[PDB]
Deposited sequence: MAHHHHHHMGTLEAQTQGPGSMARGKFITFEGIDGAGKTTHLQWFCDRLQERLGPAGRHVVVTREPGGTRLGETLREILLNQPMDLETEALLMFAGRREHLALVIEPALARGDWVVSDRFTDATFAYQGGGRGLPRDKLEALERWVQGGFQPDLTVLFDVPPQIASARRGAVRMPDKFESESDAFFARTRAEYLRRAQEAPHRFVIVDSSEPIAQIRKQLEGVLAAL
């Protein structure tokens, strides 16, 4: 049987990813399987190269999107799909949701252009699970005692990016687990233990 593909998303995440992967390998080891941990951008040597071009060569926003999805296509061909095919599970730090969030929400790339490239690269393939570490403007475990006062361009960009991640999450109810990353570590870890027990 094929492995499962899990992605981690969010603006902020790293701490919890390493821990989650250690727990997952502990669960997969008995079943004779392994976790391949990876990331985007830079999930392949080609992806590293395209990332450097994106950092260094100004270009049209649509051109940037094509290069991102090129990197993703190679990430699938070289790392993810071979792992899943041999029964290994994959955990990626970011995937297509991140492209929607930052390029669509943040930078204004139209949703239909983004969905067209997602379909081109993935067909109907989606991650089996996406854990989104949301960074909300208030803390629910302190709401009556702490209030962030209710934007500049940088603020507006991050607000749109957050909002697009949440839109993607709401649209994909069978795929997403939203974690409120403002909660105590022990609460986040209990929620993630529940995910691990459910996989």
### Message
Going by C-alpha coordinates, which parts of the deposited sequence are missing from this model?
### Response
1-22, 35-37, 176-178
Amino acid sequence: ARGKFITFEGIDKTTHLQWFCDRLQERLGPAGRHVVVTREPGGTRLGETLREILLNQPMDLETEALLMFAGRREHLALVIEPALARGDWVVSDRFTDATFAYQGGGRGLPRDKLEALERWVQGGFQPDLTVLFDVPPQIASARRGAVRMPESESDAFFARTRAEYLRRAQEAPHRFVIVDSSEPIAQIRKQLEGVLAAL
From here on, numbers count along this sequence of modelled residues.
#### Entry: Mean temperature factor over C-alpha atoms, higher-scoring stretch between 59-67 and 22-30
22-30
### Query
Higher mean Cα B-factor in the deposited model: 86-94 or 72-80?
86-94
### Task
Return the residue from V135, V37, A172, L46 that has the highest Cα B-factor in the entry.
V135
### Message
Between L50, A163, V131, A140, which one tops the list for Cα B-factor in this entry?
### Response
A140
### Summary
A198: CA B-factor among chain residues, third -> highest
### Query
Split the chain's modelled residues into thirds by Cα B-factor; is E9 in the lowest, middle or highest one?
lowest
### Query
How does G124 rank on Cα B-factor within its chain, lowest, middle or highest third?
highest
### Task
Name the third of the chain's ranked CA B-factors that contains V177, choosing lowest, middle or highest.
lowest
